[PDB]
Amino acid sequence: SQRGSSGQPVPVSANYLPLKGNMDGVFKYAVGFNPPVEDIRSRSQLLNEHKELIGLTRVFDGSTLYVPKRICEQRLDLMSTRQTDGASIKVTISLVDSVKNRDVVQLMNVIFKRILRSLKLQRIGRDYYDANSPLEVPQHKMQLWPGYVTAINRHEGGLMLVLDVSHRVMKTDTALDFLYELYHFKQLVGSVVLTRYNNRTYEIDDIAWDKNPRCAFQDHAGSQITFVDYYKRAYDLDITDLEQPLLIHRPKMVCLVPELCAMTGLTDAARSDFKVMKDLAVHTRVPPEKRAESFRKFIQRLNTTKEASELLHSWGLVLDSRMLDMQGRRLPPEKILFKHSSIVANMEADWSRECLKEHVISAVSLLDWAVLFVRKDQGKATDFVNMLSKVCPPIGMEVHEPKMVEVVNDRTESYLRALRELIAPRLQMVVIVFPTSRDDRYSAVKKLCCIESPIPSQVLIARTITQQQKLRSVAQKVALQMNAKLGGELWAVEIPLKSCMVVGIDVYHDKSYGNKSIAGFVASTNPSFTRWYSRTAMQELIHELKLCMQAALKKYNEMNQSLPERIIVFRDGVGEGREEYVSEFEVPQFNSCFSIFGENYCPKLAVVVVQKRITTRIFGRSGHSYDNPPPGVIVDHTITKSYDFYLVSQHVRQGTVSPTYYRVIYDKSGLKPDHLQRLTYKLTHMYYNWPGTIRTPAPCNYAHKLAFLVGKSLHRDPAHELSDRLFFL
RNA sequence: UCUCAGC
Ligand SMILES: [Mg+2]
Ligand SMILES: [Mg+2]
C-alpha cells in the first residue's frame, strides 16, 4: 500500500480546501478563423460582439472556449466584422469535449486568479498580495503587505486549493534616495518596483541613465509629452528632482521615474544584516495559531464578496469553508548512538546538550595542528586554544598544543605565504582566525586549503571568540566540527538497511559566473552512514553525475571490499516544474553508468526527489489550537499522488514548520514504502553541523553545503585527496 | 566565516 504503517496516528490538518468535484457542463470548445489574425486579444475583441450569445462566464484562451452551459450551436457559423480589417470573419463553434481530468485544472486556476483579482488583490511576483491593510513597520522604512499564494491541482483527495499566507516587504520611502547609495548598478536587475499613485506593480528589466525625465515620447498618435507633464496631468503630483536616472520595463519603452517608485523585496543590504531580520521576522514568521485564522478569515472574506460569491455559483463549484482534517502518523523518536552510551531524542528532537557530555564514536587525535592569528587577537586566540584543550577531553576527543603561528598582519598575501611555508604531510588541521569577515581573503585562503594543498582548515572570526560567554559553547561547537573535518564520526543511528549506499545531490544556481550550476554529490562509504565520500560536478548535470556515481561506487568498494546492493539517490535541487524531467533523463544515466564494472551489476535503485520550497503546511492539532507538530510526522494520503509523502523533520521556535516533500520518481529497490519513509526520517539526524533533526536529509544538505562552498568561494573542483573527509562544514 | 489598458 501507499500508506505505510509503523507510526502513531496524530490528528493533523493541512491548509488545503477541497473544491466541489462536480464541475460538469464545462464543455470545452474551439474556434477557427480562416483569416488567421495573430493576436489573442484581437481575436477575443472580434468575437466580443458575440458575447451576448454566451455570457460573462467564458474562457477564450486564443483557441479554445470554456463555457458552463451548452454552447448555442456546436456547428453554428456566424459572420464577425472587424473594426480594423472590415472583413466578414468566420465564426466557428466546436463540441470538442467535456474535459475529464487534464484541462480542468488549467480552467480552475484561471477562474480562481480572476476571483482573487475580484477581491482587490494585486499580482506581485507570482502570488497575490493585498494593499488595503499593510502591517506597518515604521522602523526601517519597511512596510509589509499581507498576501496569499494559491494553486489548484489533482491531489489524491480530488481537487484541492492550496493557500498559505505570504508577505511582501515594500520600501516606505522612494527609490532615488536608494540611488544615492552608488559611491559610498547591477542590483536593480529584477527588483520588482511598484508605483504608489495606482499601486501598479511593474518589474524592472534594464536601466540606462542616458536619459532625463524631461524628455518627451511619441504616445497616442504623435503626441509627445514629458514625464513631468504626463504625471502631473494623470495623477496631479509634482517632481522635485529633474535629473534622476529613469527605469525601463518592457512587457513580455516604459520609462519609470524613480521618485514615484518604491522597491519591493529587501535587497541584499537588509538581507546581509542582523538588524532588520529580528525586526521583520516578528511579523513574517507567523505562529501557527495566527496563520490558521489568517486562513479561515480569508474564506469568510471569499464567501462574502459579491463577485467572489457569484462566480462560484456560476461555474457551480462549491468551495468548502474549513481546511482538511487528515490522520497523519508520528514516527517514534529515534535513538542517538554515541560511542559508549546512547540517548533517545526528546519530543523536541534536539540533543544539543547531550552531545556535549558523551563521547564521539571515532575521535581523530590532534597530535599536530596549527593556528593562525594576528597581534590584535593573539590573546583571545591563545585562550581559545587553552580551553579548547579543556573541552575536548570531556567529549572524547584528544588534542595537544598546536604550532601557534602568528601571521605578519591581515593582508591576504601574508596568510598565503604563512600557509605555503607551513603545509606538510605531517600535519592534521590548520585553524585560521580572521580579524574581520571578508570574502576576498576567505576565498583566497580556502582555495589554498582546498585545492593546492589538501589540508582541511577551519576559519574562525574574531567576534566569535567573545571571551565572555560564547567561548565554552563556541569551543564545544568547533571541536565537534574539527573532529568531523578529520573524518571522525560523532554520532550514529541504527539504520537496519544492510549494505546500501546512500547518495545525495543538490545544486547551486549562479547567474553571474557562467551559470555553471555547481552541483554537489555526496554518498556514504560505510554500513552505518557516518563517513561520506563527496565529489563535485561541473558542466555549462548531464555527464558528470554518472562519473561521480562511478567514482563513489569505486570508493565504497575500496573501503568495504564489496559493492552496494541498493543505491538510494535523494536528488534535490529540482526546479518547480521539472519534477518529471529527472524521471526520464538522469535515472537512465545512473542505470547506464553501472556498466563500467561489475558482472552485469544490478543496483536496486531508488531516486527520490526532495522539495523544500513548497506551500503546504501540516498543522498538528489536539483540541482546537492548530499548533506546530512535533518533528517526525508523516502524511502521504489525500494530499499526495504517485507514491510521494510529506515529512515534518525540522523544528522551529518562531513560526510554522514547513513539511518537506519527497517524491519517489523511481523505485526498483524493493523497499516497502514504510522502510523508505523511516529511512528518510533517520537520515535527517546525520548532519554533523547541528545536533538534531534538520529540513532535508543528511546527504542532501551536505551536498548543498559543498555546492555553496564551491560556488561562492572556490570556483573549481576541490582536490581529490580531500574527498573521503567532510572537509566542508 | 561557531551553527541550524499602462508609459
Ligand atoms: Mg529544492
Ligand atoms: Mg562551517
# chains A, B, ... in the order shown; residues from 1 in each chain; ligands from 1
>>> residues_near_ligand(ligand="ligand 2", cutoff="8 Å", atoms="only C-alpha atoms (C1' of nucleotides) and all ligand atoms", output="PyMOL selection string")
(chain A and resi 458-459+481+689+728-729) or (chain B and resi 1-3)
>>> interface_residues(of="chain A", to="chain B", cutoff="6 Å", atoms="only C-alpha atoms (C1' of nucleotides)", output="count of residues only")
5
>>> select_by_dssp(residues="segment 102-190 of chain A", states="strand (DSSP E)", output="NGL selection string")
:A and (122-124 or 127-129 or 135-136 or 143-153 or 159-169)
>>> residues_near_ligand(ligand="ligand 1", cutoff="10 Å", atoms="only C-alpha atoms (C1' of nucleotides) and all ligand atoms", output="count of residues only")
20
>>> select_by_dssp(residues="segment 87-228 of chain A", states="alpha helix (DSSP H)", output="PyMOL selection string")
chain A and resi 103-118+176-180+227-228
>>> residues_around(residues="residue 528 of chain A", least_positions_apart="4", cutoff="8 Å", atoms="only C-alpha atoms (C1' of nucleotides)", output="list in words")
residues 492, 493, 494 and 495 of chain A
>>> write_last_selection(atoms="N, CA, C and O atoms", output="PDB file, in the first residue's frame")
ATOM      1  N   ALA A 492      25.639   8.332  15.610  1.00  0.00           N
ATOM      2  CA  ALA A 492      25.046   7.476  14.595  1.00  0.00           C
ATOM      3  C   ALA A 492      23.682   7.013  15.076  1.00  0.00           C
ATOM      4  O   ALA A 492      23.352   7.118  16.256  1.00  0.00           O
ATOM      5  N   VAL A 493      22.886   6.513  14.140  1.00  0.00           N
ATOM      6  CA  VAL A 493      21.574   5.959  14.442  1.00  0.00           C
ATOM      7  C   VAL A 493      21.467   4.592  13.788  1.00  0.00           C
ATOM      8  O   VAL A 493      21.999   4.363  12.697  1.00  0.00           O
ATOM      9  N   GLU A 494      20.782   3.679  14.466  1.00  0.00           N
ATOM     10  CA  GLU A 494      20.631   2.317  13.972  1.00  0.00           C
ATOM     11  C   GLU A 494      19.853   2.339  12.666  1.00  0.00           C
ATOM     12  O   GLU A 494      18.644   2.587  12.660  1.00  0.00           O
ATOM     13  N   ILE A 495      20.543   2.090  11.558  1.00  0.00           N
ATOM     14  CA  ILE A 495      19.903   2.027  10.247  1.00  0.00           C
ATOM     15  C   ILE A 495      19.965   0.588   9.755  1.00  0.00           C
ATOM     16  O   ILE A 495      21.021   0.136   9.292  1.00  0.00           O
TER      17      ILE A 495
END
>>> residues_around(residues="residue 412 of chain A", least_positions_apart="3", cutoff="8 Å", atoms="only C-alpha atoms (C1' of nucleotides)", output="ChimeraX atom specification")
/A:415-416,441,444-445
>>> write_last_selection(atoms="C-alpha atoms", output="tab-separated table (two decimals), in the first residue's frame")
chain	number	residue	atom	x	y	z
A	415	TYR	CA	48.28	34.42	5.15
A	416	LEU	CA	49.05	32.82	1.78
A	441	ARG	CA	40.73	36.80	1.88
A	444	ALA	CA	41.85	33.21	-1.43
A	445	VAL	CA	42.63	31.17	1.69
>>> atom_distance(atom1="atom CA of residue 306 of chain A", atom2="atom CA of residue 166 of chain A")
24.4 Å
>>> residues_around(residues="residue 255 of chain A", least_positions_apart="4", cutoff="8 Å", atoms="only C-alpha atoms (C1' of nucleotides)", output="PDB file with N, CA and C atoms (P, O5', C5', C4', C3', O3' and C1' of nucleotides), in the first residue's frame")
ATOM      1  N   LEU A 246      16.109  57.273 -15.132  1.00  0.00           N
ATOM      2  CA  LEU A 246      14.822  56.620 -15.309  1.00  0.00           C
ATOM      3  C   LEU A 246      14.994  55.104 -15.309  1.00  0.00           C
ATOM      4  N   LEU A 247      13.869  54.398 -15.234  1.00  0.00           N
ATOM      5  CA  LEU A 247      13.853  52.942 -15.172  1.00  0.00           C
ATOM      6  C   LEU A 247      12.971  52.410 -16.291  1.00  0.00           C
ATOM      7  N   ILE A 248      13.421  51.342 -16.950  1.00  0.00           N
ATOM      8  CA  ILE A 248      12.827  50.860 -18.193  1.00  0.00           C
ATOM      9  C   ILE A 248      12.289  49.450 -17.994  1.00  0.00           C
ATOM     10  N   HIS A 249      11.041  49.237 -18.408  1.00  0.00           N
ATOM     11  CA  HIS A 249      10.409  47.928 -18.350  1.00  0.00           C
ATOM     12  C   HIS A 249       9.673  47.669 -19.657  1.00  0.00           C
TER      13      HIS A 249
ATOM     14  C1'   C B   7       4.105  54.849 -20.326  1.00  0.00           C
ATOM     15  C3'   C B   7       4.688  56.038 -18.347  1.00  0.00           C
ATOM     16  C4'   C B   7       4.448  54.573 -18.035  1.00  0.00           C
ATOM     17  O3'   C B   7       5.747  56.593 -17.590  1.00  0.00           O
ATOM     18  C5'   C B   7       3.639  54.288 -16.797  1.00  0.00           C
ATOM     19  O5'   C B   7       2.333  54.834 -16.896  1.00  0.00           O
ATOM     20  P     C B   7       1.286  54.674 -15.708  1.00  0.00           P
TER      21        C B   7
END
>>> atom_distance(atom1="atom CA of residue 602 of chain A", atom2="atom CA of residue 666 of chain A")
14.7 Å
